[PDB]
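Take a look at the structure tokens below, where one protein chain is shown in two forms, each on its own, as structure 1 and structure 2.
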Structure 1
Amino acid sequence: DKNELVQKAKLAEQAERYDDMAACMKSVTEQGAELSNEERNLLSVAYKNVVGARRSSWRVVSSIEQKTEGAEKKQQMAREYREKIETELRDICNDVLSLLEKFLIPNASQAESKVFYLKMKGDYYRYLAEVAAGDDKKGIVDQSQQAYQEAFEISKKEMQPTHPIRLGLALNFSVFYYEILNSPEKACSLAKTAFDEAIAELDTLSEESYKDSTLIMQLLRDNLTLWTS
């Protein structure tokens, strides 16, 4: 039952059991109907946490693998552990991207939710690319880029510069440019433009979106400081 899956997701959220939270929002999605705003946000928060934990663990272990160069057996054990974590990463990404391809992007009937889901697709493709090998990596980076660009174009036409989804999209696309394509210039200019446009139309920032937009605007301006230093 949809009501029930959604309640479970909320309980799991309260219990900080994000794997369960994701599983029931997965089930809610596979029922095939367009998610409400609440459901979409639940789903995204759940997988944010699921994927986030693994990305964090990956970084720690990758860092150890680096610092153990010279101690070849220690490094090997780190390397194998990192691959374990990578296998989980791929699976989670592939799960969300399949959800996006089969359910969420097809069923998105308003511009806002189209942009939300294309952004999410760019995100999970980015995470995938971060742990993909050789020729497979190039192709996945490109899928990330295309999903963000399409999102970016729709948002430019349909959403105010103060809209948290359009800002969040600008933040993450700028991060892609910086961290994935090694373009600080392009990253910085995207971040700068989104930030400046939000300020210039600050009058449009609604009461309900105030907290999320300003947090993102903070992340944009911090990123911009770091990059141009």
Structure 2
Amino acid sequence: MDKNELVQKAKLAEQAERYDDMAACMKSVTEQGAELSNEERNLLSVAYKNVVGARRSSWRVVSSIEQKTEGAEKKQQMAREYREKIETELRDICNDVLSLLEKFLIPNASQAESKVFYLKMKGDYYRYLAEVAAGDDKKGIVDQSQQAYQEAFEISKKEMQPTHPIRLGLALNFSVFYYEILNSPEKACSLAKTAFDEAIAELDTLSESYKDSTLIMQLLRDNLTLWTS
């Protein structure tokens, strides 16, 4: 249909809380090939966040069950086959997103803010795939995650102010990637510390978009508190 109808359909699906519709709509808006405005970008991001978060949350519950069972092998095999089905639904969702990123969003993005956003998004979606990868495949999924956050990180150092929510959000996600996926808590802490400190200094760089920057800085410092004790 028309790129407008599609967007309108999405905001309906979103109102209905039908997030798989919403992601189908926004996927096809993106496949039309034109650079996505902020409103479209955001609608895309919302839809897939809900669609994947459900699977992730489902995966966390079932995997922790398959692990906390040590009685009957029958129950444990049932739980494994279910964790497997879910992982499958999950690889699929990420792989769609990762390809929408490669084919359309990253190469069409004309402004650094938006480049940074979609690189971050690529880092997040490889992160997800990594939590669920095997011993063989995994060293390499992790690396694709790191390369993307790294690239996002460098553009945002060169091109955005240290208080921009998208820059801070990247720092927050990249630091959690260091702590939790790569086990480098030294790297995690300094990245988060640095980011907090740079935002603190150029504090006059704030604006109507501050409550958000300071909430994000609060979350970065919270991680520091938690990770050092």
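Only the largest set of C-alpha atoms that superpose within 1.5 Å between the two forms is called the rigid core. One-based numbering along structure 1's sequence throughout.
Peer 1: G70: CA shift of at least 2 Å between the two structures after core fit?
Peer 2: The answer is yes, as the C-alpha of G70 shifts between the two structures by 2 Å or more after core alignment.
Peer 1: How much does the C-alpha of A194 move between the two structures, in Å, when the core is lined up?
Peer 2: So the C-alpha of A194 has moved 1.2 Å between the two structures.
Peer 1: Core overlaid, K26 C-alpha shift between the two structures, how many Å?
Peer 2: For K26, the C-alpha ends up 0.1 Å from its position in the other form.
Peer 1: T214: how big is its Cα shift between the two structures, in Å, with the core superposed?
Peer 2: Its C-alpha moves by 2.8 Å once the cores are overlaid.
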